[PDB]
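In what follows, a structure is listed as structure tokens, so that the remarks can point back to it.
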Amino acid sequence: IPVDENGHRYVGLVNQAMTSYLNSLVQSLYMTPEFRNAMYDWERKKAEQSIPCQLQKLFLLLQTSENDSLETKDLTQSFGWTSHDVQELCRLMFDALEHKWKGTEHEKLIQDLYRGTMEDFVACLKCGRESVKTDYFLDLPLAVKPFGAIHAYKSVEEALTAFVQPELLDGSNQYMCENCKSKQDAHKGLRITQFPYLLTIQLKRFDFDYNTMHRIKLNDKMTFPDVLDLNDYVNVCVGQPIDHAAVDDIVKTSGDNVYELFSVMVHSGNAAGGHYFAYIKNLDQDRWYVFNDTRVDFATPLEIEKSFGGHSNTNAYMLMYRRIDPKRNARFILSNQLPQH
Amino acid sequence: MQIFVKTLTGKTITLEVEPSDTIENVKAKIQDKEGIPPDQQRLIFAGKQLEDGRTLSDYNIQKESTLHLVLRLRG
Ligand SMILES: [Zn+2]
């Protein structure tokens with residue numbers, strides 16, 4: 001029987017029309033300890049339309065309501081909708097929170113939690129001069145099939161290395177070096193200088209076809225572990241069972257950037273339009289659950305691994321990690337200490 | 001004047017644009033370079049998504065900047 005850490009029965013979300021991605025995004029955010037606790041710290045006509053207020057109400061009901069399922073109609077009304085992806089949805093919620101939190105202590109909270117830091121370099125080969133500029137990133141889009149590649153990347157780490165791989169600019173796309181005073185061959189590339197606290201990584205499983213002009217889904221196999229070591233990026237294996245603090249220390253010693261998987265956004269069905277659900281892990285309970293619209297159940301490591309790929313062709317398209325820091329990693333606020341009633 | 005775009009495959013291409021050009025013209029040049037409809041394009045710069053109607057100066061996109069192209073998922 002699914003139970004939360006405070007002994008509360010897990011609650012699903014009603015699938016009104018086709019909005020399974022909304023449920024998966026809310027259950028992921030509501031699962032994020034720092035993001036949920038942030039929500040509780042936040043404080044004639046009445047403005048129900050406030051996306052922060054409705055998101056706060058939905059989190060409160062998701063935690064302290066003895067009901068079968070919760071309706072996201074109020075949250076959709078806050079958006080201003082009458083009958084559209086998940087990333088654009090996440091941008092609308094975050095920007096509405098950032099706008100409401102201006103002047104508040106939580107003004108730069110989405111930055112401190114989800115923003116990463118990298119640098120883009122362009123090195124002209126004739127001059128031998130490199131131009132580096134600082135750039136940030138919220139999510140991390142990784143490619144699956146670098147077409148035409150006969151073999152797609154088998155693991156997330158291999159996609160990460162290819163993302164930070166210096167690529168050569170061809171004659172059609174040559175770099176305009178000012179010192180060269182002409183178009184020139186150059187090395188283009190990106191390298192990560194810092195990872196965000198809450199690592200949001202996206203898999204490019206949806207590709208486009210030239211002849212038919214119809215999008216298609218790439219069900220190629222891509223693996224990801226529960227523990228992620230990313231210390232080599234800043235200058236068969238199974239991890240779905242419960243974690244170990246000792247293996248964390250042995251990798252901690254040779255590197256300080258280790259992350260823990262806690263949310264697995266998967267998609268099943270047709271490429272143009274299908275169904276979305278998520279395998280979510282309680283960071284305080286150390287247990288894997290499955291959130292699928294109104295139905296919330298336990299999750300076995302087998303069905304989480306079975307979604308890597310290989311042919312209803314259900315595969316994960318977005319993964320959520322959190323940095324393993326013993327002091328910064330927070331826990332969900334118990335219901336009793338809330339000063340909001 | 002010349003900015004980079006990391007397409008869906010990951011291979012980065014170049015584009016010639018004016019700072020006064022709107023983002024819709026930029027997504028139109030992505031169509032000429034990649035054959036991808038502009039309705040399906042979603043451009044991300046410095047983690048912030050670029051919205052239609054705003055120029056490149058609104059986002060302070062300078063020369064040699066790198067935009068990220070991703071597809072809109074549906075369902
Ligand atoms: Zn040069």
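Chain labels A, B, ... are given in the sequence in which chains occur in the structure tokens; within each chain residues are numbered consecutively from 1, and ligands are likewise numbered from 1 in the order shown.
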Residue hits in chain A, query chain B, radius 6 Å, only C-alpha atoms, as a list in words: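 Every residue meeting the condition is included here: residues 85, 135, 136, 137, 138, 146, 173, 273 and 274 of chain A.
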Residues just named, written with N, CA, C and O atoms as a short mmCIF file (atom, residue, chain, number, x, y, z; two decimals), in the first residue's frame:
```
data_model
loop_
_atom_site.label_atom_id
_atom_site.label_comp_id
_atom_site.auth_asym_id
_atom_site.auth_seq_id
_atom_site.Cartn_x
_atom_site.Cartn_y
_atom_site.Cartn_z
N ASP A 85 3.38 21.73 -24.64
CA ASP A 85 4.19 20.61 -24.21
C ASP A 85 4.43 20.67 -22.70
O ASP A 85 3.71 21.35 -21.96
N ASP A 135 28.10 31.12 -20.74
CA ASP A 135 26.70 30.85 -21.03
C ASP A 135 26.15 29.90 -19.97
O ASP A 135 26.87 29.06 -19.43
N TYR A 136 24.86 30.04 -19.68
CA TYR A 136 24.19 29.23 -18.68
C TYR A 136 23.20 28.29 -19.34
O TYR A 136 22.92 28.38 -20.54
N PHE A 137 22.68 27.35 -18.55
CA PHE A 137 21.71 26.39 -19.07
C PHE A 137 20.77 25.97 -17.94
O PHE A 137 21.20 25.78 -16.80
N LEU A 138 19.49 25.83 -18.28
CA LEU A 138 18.48 25.36 -17.32
C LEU A 138 18.38 23.84 -17.40
O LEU A 138 18.73 23.13 -16.46
N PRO A 146 22.50 10.88 -33.60
CA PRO A 146 23.21 11.86 -34.42
C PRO A 146 23.25 11.47 -35.89
O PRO A 146 24.30 11.05 -36.37
N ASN A 173 29.54 26.39 -42.99
CA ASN A 173 29.33 27.10 -41.73
C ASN A 173 30.67 27.49 -41.10
O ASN A 173 30.95 27.12 -39.96
N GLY A 273 1.49 12.09 -30.60
CA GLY A 273 0.75 12.26 -29.36
C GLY A 273 0.53 10.94 -28.65
O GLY A 273 0.03 9.98 -29.24
N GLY A 274 0.91 10.88 -27.38
CA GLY A 274 0.78 9.66 -26.60
C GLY A 274 0.39 9.90 -25.15
O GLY A 274 -0.37 10.82 -24.84
#
```
As a list in words, please: every residue in segment 85-179 of chain A that a backbone DSSP assignment puts in alpha helix (DSSP H).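 After running DSSP on the backbone, segment 85-179 of chain A has alpha helix (DSSP H) at residues 87, 88, 89, 90, 91, 92, 93, 94, 95, 96, 97, 98, 99, 100, 109, 110, 111, 112, 113, 114, 156, 157, 158, 159, 160, 161, 162 and 163 of chain A.
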For atom CA of residue 211 of chain A and atom CA of residue 5 of chain B, the interatomic separation in Å (one decimal): 22.7 Å
Write out as a tab-separated table a residue-level contact list of chain A versus ligand 1 with cut-off 6 Å: for each qualifying residue the closest pair of atoms and the distance in Å to one decimal, counting only C-alpha atoms and all ligand atoms, rows sorted by chain and residue number upward.
```
residue	atom	partner	partner_atom_place_in_ligand_line	distance
A:124	CA	ligand 1	1 (Zn)	4.3
A:126	CA	ligand 1	1 (Zn)	5.1
A:127	CA	ligand 1	1 (Zn)	3.5
A:128	CA	ligand 1	1 (Zn)	6.0
A:129	CA	ligand 1	1 (Zn)	5.8
A:177	CA	ligand 1	1 (Zn)	4.7
A:179	CA	ligand 1	1 (Zn)	5.1
A:180	CA	ligand 1	1 (Zn)	4.1
```
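For the set A:59, A:321, A:289, A:195, the residue with the smallest atom-to-atom gap to residue 257 of chain A is A:195, counting only C-alpha atoms.
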